[PDB]
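Peer 1: part one of the complex, left exactly where it sits:
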Amino acid sequence: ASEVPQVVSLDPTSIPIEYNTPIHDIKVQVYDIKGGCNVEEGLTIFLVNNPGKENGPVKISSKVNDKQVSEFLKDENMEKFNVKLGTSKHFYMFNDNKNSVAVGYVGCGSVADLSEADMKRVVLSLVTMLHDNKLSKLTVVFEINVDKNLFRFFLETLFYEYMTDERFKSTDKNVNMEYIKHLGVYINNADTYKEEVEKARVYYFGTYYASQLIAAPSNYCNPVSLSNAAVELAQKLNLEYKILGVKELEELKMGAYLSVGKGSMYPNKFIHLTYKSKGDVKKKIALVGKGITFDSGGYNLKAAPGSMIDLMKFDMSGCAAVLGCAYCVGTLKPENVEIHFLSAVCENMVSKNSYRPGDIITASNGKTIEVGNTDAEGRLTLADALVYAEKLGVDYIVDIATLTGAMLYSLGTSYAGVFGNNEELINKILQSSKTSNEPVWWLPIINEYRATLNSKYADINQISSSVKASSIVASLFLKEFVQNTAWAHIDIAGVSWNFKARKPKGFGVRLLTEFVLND
Amino acid sequence: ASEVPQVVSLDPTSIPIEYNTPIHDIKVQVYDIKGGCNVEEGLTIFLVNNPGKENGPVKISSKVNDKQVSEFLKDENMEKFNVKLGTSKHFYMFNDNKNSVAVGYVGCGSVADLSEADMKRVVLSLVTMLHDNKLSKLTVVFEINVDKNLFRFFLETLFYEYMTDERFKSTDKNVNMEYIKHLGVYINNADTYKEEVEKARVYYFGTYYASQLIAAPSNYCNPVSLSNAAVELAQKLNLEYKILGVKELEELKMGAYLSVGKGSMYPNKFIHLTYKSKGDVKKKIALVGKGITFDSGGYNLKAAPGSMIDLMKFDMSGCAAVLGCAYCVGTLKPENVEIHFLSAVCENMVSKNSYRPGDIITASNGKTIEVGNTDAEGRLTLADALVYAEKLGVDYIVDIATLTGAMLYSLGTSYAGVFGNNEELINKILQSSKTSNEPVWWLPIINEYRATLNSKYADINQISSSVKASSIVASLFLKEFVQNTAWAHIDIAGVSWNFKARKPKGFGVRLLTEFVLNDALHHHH
């Protein structure tokens, strides 16, 4: 652990992190629907659809073990309500023991198989029922068909959206915010879904941990404090760790990564965590996250309208996903694998000491690079991280990065893009996207654009002379720093931030963990 | 008081300040017009109107105690000239003692009651007659009706516009500029106006002193040299003074103000001057001035077309007005008041050390603030200054600040905007606007916009997510740092700089002094 430099004594010296969240105190119980539902304290919510009948009526099919509640939920009373996706109603009544109970439903539409986006809308409606209501228990009755992965995603998303991050509130903490202590779930074939519960709780926290790092502003979350947080995480999980400082980075000749950080008051810190299975290692994987804790753009300052310099604390979202994956992997302990979690962390600032547009810098593999724009800093840091990763001798290198704003014009805010030099690895990532329910789309590395990276003076240009397809150009540049290892690159610039809710998504934690686990 | 850091040895280490100005050497005398005007030397100017007759003829009403000059001034010789506001003519003639004299007039229009804008137009025409003419004496004959405040305004405005600031001239000083040594004034009921003369001279210098600080560039006028200047002023006036440095500001937890200054080579300096009357103190007042000695914008750099980064030495105009008020109050010594003159002085710069867009910082009242734009820095420094002010236990807090460029689109360059949480205090400011002749207009604090300052992570956002009425949003933000004290906020971003003349106005010195003096005097007088 290194000391965080301060300008004034009021500058923070660590990222506040909540490990023991209220979600972790919730006791989860799963019951089979065949035994009927007991309707007692708290709120009991039925998830109901009506296939093929758009905005069709609500009908409750499950057996309910209360005559009063069964009478309330008969078809004649329920048919006045409809299943329109995201719609909900609350019910009040006295049960057979003369206790008042609260019941309701969330509409799940008319399409038998819900997409991750549909299921998220269902969860958001459920969370509105949890907020502003002091409940000790929620019970959820599944009258829809979900596979095991989608059941886990429901739980992960519920936990994540319910959790409210108050680390930076002082005088404006929500004085009414209370969390349930119990969650009941009724589902058909419950025994087959029970193994998903604790996996969902792990995936939730890896994702929420990533969100905590992302949302932490750049005065709290800087290269020293972020690498310190990684050390503490490794200590908690018994992972091996190494933080490389400037002197070691100079010895490794990491000139592209070091140049980006020249202008910052925070020394560069390179994170290397390692998980190794106890048994024979059958696969070795390097996960590389882009870790720019604030991106001002440098001398190519983000001053253009719409460049959103105020959100650029999120430019370490890739590092956060890799560290959240380390939480999940260190918790779940997969066998037969060795995983390296890597991030070349730095901050891109304006200073007398900053690198300049036009500088020619030398990466750790000897390639000279002409810098065309100091705001294309992520690919420079990743170049040196990829050289480092390939020296580890791994089977797969996967990097994840908020690399190019063009991602918003190609895939938008819902799907990440994956690029790579190896179809088998790309297909493994796409399969992990399916089982994590974090959507990714394969995009091409178009070799015809490579000539636009030819530099008159250096071995290569950082940016293209003509091509505006920057996500593809960036991938061509990165490809030059992986010589003979299967490699894939996930550009999460469009999917990292939830603009409607003004908070991170923690995108990539579950994708990467499913990738490690399914291998 | 503190050493000014330098990058090279040629960097200045103090603000040059002229205290003993040529205006202070002018001997002023007021005579009653009923005794007639003696026309002996120099230039004699008649202020003449023609009520109800647009561009009507010049006719001189005064008795003139010279037969030759009286003959020149006959209606018949004056009829080719008219009273159009701001027009002037010069006359040359020999008086009864066979000495050559210069006589003329400035037209005051056809509307009996002159506004501040009209009176300034009259003064500017008079000043053109003083420039490029080596005169030892000016005499002004009021053939128009002015009340006591407008007469004082005439002199203050004359003194201020006549004064030429040459502190930064080296090889291009004006070799021909000579100041008059005598000013004569003829007016009806002269005895009632005589007390306005030395009041005008005090108000002139408070305003010119503020102008000197504003016009001083940011290499001369930085947080250290500006606070050093305030100490020197306090010492000359026998005011109590305290300059708070970074270590004391850290102990007071002023994280909003300190964050703005992080990127500067100049340490933050918080100015606290105090005037206290001898005897019973009936009212305690805090005047808070925005003191950004240069506003680059920070990482939200002022790079957009029209952002005027080259004029941002003027972002301490609020502090300048407060220090000019301290000069006037410390000179005039009102009774029954205790006045605190406050400014959280710093510089908003780009550096490896600067605060960043998105940072969450903690104000001295414990409120966490999400920074949405480093160029909304003034309201961050004022938030901590207002917390400091309220801890003094005052009856009124009035802040004055070049806060929002939106003022140019609401009131423009003539009228300042006042916002506040207390109708009585707002009305006192409006009354002070009337008697100082510095115009201000009351604008609302619209509470419906407060929710757009709600932050997802911090207690409050610095800037709004959707509202473009930035002067109102900034006021809503400042209101969060005043808990239970009458408070008003004067946004002078639009009125501080005279774009036509390329110089400061020193706006607010006379407004704030009139505010203090009118409060020091019981309403029964």
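Peer 2: The structure has been received and is ready for your questions. Residues are numbered from 1 along each chain as shown, chains lettered A, B, ... in the order given.
Peer 1: any idea how far the residue located most distally from the centre of chain A is from residue B:389?
Peer 2: In chain A, the residue that sits farthest from the middle, by CA atoms, centre = their mean, is residue A:98; the gap is 45.7 Å. Residue A:98 sits 61 Å away from residue B:389, going by CB to CB, to the nearest Å. Where you see a C-beta, it was placed from the backbone N, CA and C, and this is true even at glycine.
Peer 1: pull the number of nearby residues for residue A:27.
Peer 2: Number of residues near residue A:27 (other CB atoms under 10 Å in any protein chain shown) recorded here: 10.
Peer 1: my bad, residue A:61
Peer 2: Around residue A:61 sit 11 other residues, with neighbours defined as other CB under 10 Å.
Peer 1: contact residues of chain A facing chain B?
Peer 2: Of all the residues in chain A, those in contact range of chain B (CB under 8 Å from any CB of the partner chain) are A:7-10, A:165, A:167-172, A:215, A:217-220, A:263-265, A:294, A:296, A:301, A:303, A:309-313, A:349-351, A:353, A:501-503.
Peer 1: thought residue A:230 was touching residue A:1, still the case?
Peer 2: No - between residue A:1 and residue A:230 there is no contact, the gap being 10.1 Å when judged by CB atoms under 8 Å.
Peer 1: out of the two, which sits in the busier spot?
Peer 2: When residue A:1 is set against residue A:230 and neighbours are counted by other CB under 10 Å, the residue ahead is residue A:230, at 26 against 13.
Peer 1: contacting residues for the more buried one?
Peer 2: With contacts defined as CB atoms under 8 Å, 6 or more residues apart in numbering or on different chains, the neighbours of residue A:230 are A:241, A:243, A:271, A:273, A:323, A:326, A:343.
Peer 1: check contacts around residue A:91.
Peer 2: Residues in contact with residue A:91 (CB under 8 Å, 6+ apart) are A:72, A:102-104.
Peer 1: with the structure above as the base, add chain C:
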Amino acid sequence: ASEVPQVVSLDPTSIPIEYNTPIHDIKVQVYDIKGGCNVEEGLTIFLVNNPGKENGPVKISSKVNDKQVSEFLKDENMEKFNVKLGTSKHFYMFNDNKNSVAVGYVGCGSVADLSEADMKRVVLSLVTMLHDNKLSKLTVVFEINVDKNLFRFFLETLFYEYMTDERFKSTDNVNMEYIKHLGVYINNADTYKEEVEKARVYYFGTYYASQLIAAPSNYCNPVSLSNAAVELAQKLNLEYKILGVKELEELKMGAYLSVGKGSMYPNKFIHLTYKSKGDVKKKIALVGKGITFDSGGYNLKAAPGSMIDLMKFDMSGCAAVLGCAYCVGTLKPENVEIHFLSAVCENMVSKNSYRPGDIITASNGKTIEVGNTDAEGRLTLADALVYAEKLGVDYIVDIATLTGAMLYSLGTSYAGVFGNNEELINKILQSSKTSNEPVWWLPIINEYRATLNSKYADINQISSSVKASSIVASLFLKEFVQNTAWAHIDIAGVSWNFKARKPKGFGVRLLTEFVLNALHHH
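Peer 2: Below, chain C sits with the chains from the block before:
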């Protein structure tokens, strides 16, 4: 009624207008709260605050005539909910007769005195519940203190926000049914009863203005809008006159006609008149800016943020004047004569358009140098104001989406009022208070007048140097009013609800309150 020109046969030739709305079928009953609440039918919502406990718990005080609902409303249950402004919960349950009812609340915060903005938040929360409701009755129980004007504002806002404009949809909602009954429990119910039918009138005036504003510029053009005004006048038995191009040329309205030169739609000048049956003691002209589409002209709205896609709303001032005509023609005030005026046209790009730099002559003989074809509203108003002053009225009030600078001075909530007469300004401010449509007085600063001095024409249309554009526009308009008390209401910032993507109908209620309460009555 003039024929609407078409480019293709699919171009619409009228504005669709709904007069009979579901709101008009709601039977409203007001009951005194001191007698307890009948809750056996429909949806019952309690308006609840908690002074002295910020976001504190909900507590319901009223006695209710149903044992099941009384148990739901026990303190132990409602303390699970909080009063944060706009927060709501509602539950369905069976009453003592085993009939389905729904009961809930809207939180009204912790400050006893609600502003109009707070009351809008409460109403929006209520309307969200209504747009998912099929019970035939809503009952609202005021356990908060509201004055008579604010209670009327509650009803108007409830009606306006509840109503959904479906004129341009090709289908029709499976999720709600409009209520047939509205019950209100409030203290002093007898004094609030007279506000109900006034609110219903004010609602439709605002909704009518909203329909004209929201109607797109292919539906709402100078011909179809003046045709709609004629139809309204006929239904209300107002006198009406539409001036066409030949009459406008005879009246020498060169400023207004220049703006419309580039349009395929002929200019149409709307003049409706309400005259009281008794002696006329006061004459008022209401002048609304009626640009049915503002492209900017050759000064095209191409800059970032210029919002050319929303510029069907540049006739919001005309819409407010016509909605006021509906309210005045319906309430029939005494002793007044009201002229409702709008110089209607469209600002387009064409070989026939006026150009930046053109010098045009207004109907009072003043020549104007055009500095920007997108400052077209003040040109149309100049001629409208000359026409208005020739009517010999006591007051001229104009209302207009005139200057974008309003968004930077007062924003989206308060309109600005300017004028040449302090008494008339104070009357407008009082109408703002009793209509609950907020306005703030801004100055006409005479020092800026010299920037309208033109080198060649009598006056410049715009300033080259002064950025206080709302004040400069007021100085320009003031030159077309010679000797009559005049006020100018700039609604450019408040007229469109950006969050809800719909008009506000701002100004109908303000102007009607001015006309109803202008003349003191003893």
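Peer 1: can you check the neighbour count of residue A:61 again with chain C included?
Peer 2: As a burial measure, residue A:61 scores 11 neighbours (other CB under 10 Å).
Peer 1: and it, that one's in a helix?
Peer 2: No - note on residue A:61: no helix contains this position according to DSSP: H, G, I helix; E, B strand; the rest coil, which reports coil.
Peer 1: which residues are in contact with it?
Peer 2: Taking CB under 8 Å, 6+ apart as the definition, contacts of residue A:61 comprise residue A:143.
Peer 1: name the SS class of the residue farthest from the centre of chain A, please.
Peer 2: When the rule is three-state DSSP, residue A:98 gets the label coil.
Peer 1: partners of the longest strand along chain A in the sheet?
Peer 2: Longest strand of chain A, by residue count under DSSP state E: strand A:337-348. Take DSSP bridges as the rule and strand A:337-348 pairs in its sheet with strand A:269-276 (antiparallel), strand A:283-289 (parallel), strand A:291-295 (parallel).
Peer 1: restrict the last one to CA atoms and write it as PDB.
Peer 2: Output of strand A:291-295 as PDB, limited to C-alpha atoms (Å, rounded to 0.1, in the frame of the first residue of the first chain):
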ATOM      1  CA  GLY A 291      -7.800   2.100 -15.700                       C
ATOM      2  CA  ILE A 292      -7.900   5.900 -16.400                       C
ATOM      3  CA  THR A 293      -9.200   7.300 -13.100                       C
ATOM      4  CA  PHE A 294      -9.900  10.700 -14.700                       C
ATOM      5  CA  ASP A 295      -9.600  11.500 -18.400                       C
END
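Peer 1: I'd like the next helix or strand past it.
Peer 2: For strand A:291-295, the following helix or strand on the C-terminal side (DSSP states H and E) is helix A:317-332.
Peer 1: what angle separates that next one from strand A:283-289?
Peer 2: Using axes from the mean of the first three to the mean of the last three CA atoms, to 10 degrees, the direction of helix A:317-332 lies 140 degrees away from that of strand A:283-289.
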